[PDB]
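Report on one structure; see the data block that follows.
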Amino acid sequence: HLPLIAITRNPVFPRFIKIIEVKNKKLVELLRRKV
Amino acid sequence: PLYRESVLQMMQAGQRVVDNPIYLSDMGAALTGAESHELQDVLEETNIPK
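Chains as they are written, first to last, in PDB author numbering: chain F, 123 to 157; chain C, 308 to 357.
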């Protein structure tokens, strides 16, 4: 039950490492909640 | 190297802040050492791809 992610110009092809750098900190709150 | 790369790091295509691409490409064409007349000749071009 998580909001649809903000891709914000970051394609992620299957089986391919990729980096995402959103400027908002609310997703960081989700990142700390998942630990 | 001529000028600092930090302006290139400031305006990246992945940050979604690049609201005026022609100005970024002109800012990138400014680094060229070509003579001012060559720049005026590029200004004579009207079509964007040209």
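Here a beta-carbon is modelled for each residue, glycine too, at the ideal position from N, C-alpha and C.
C-beta atoms of residue 132 (chain F) and residue 140 (chain F) nearer than 8 Å: Judged by their CB atoms, residue 132 (chain F) and residue 140 (chain F) are nearer to each other than the 8 Å cut-off.
If you follow the alpha helix (DSSP H) that residue 157 (chain F) is in, where does it begin and where does it stop? Unbroken run through residue 157 (chain F): none, as it is neither H nor E.
Under three-state DSSP, which class holds residue 316 (chain C)? In the three-state DSSP reduction, residue 316 (chain C) falls in the helix class (H, G or I).
Could you spell out the range, first to last residue, of the alpha helix (DSSP H) harbouring residue 325 (chain C)? It is not in any alpha helix (DSSP H) - residue 325 (chain C) carries neither H nor E in the DSSP assignment.
Provide the residue span of the alpha helix (DSSP H) that contains residue 344 (chain C), from first to last. 343-351
Between residue 128 (chain F) and residue 144 (chain F), how many whole angstroms is the CB-CB distance? I'm expecting something under 8 Å. Confirmed, Cβ separation roughly 6 Å.
Taking the C-alpha atoms as reference points, what is the distance between residue 339 (chain C) and residue 325 (chain C)? 21 Å
Quick one: list the residues of chain C neighbouring residue 131 (chain F), beta-carbon separation under 9 Å, in chain order. 320, 321, 322, 323
Measuring only the C-alpha atoms, how far is residue 134 (chain F) from residue 342 (chain C)? If you draw a straight line from the Cα of residue 134 (chain F) to the Cα of residue 342 (chain C), it comes to about 42 Å.
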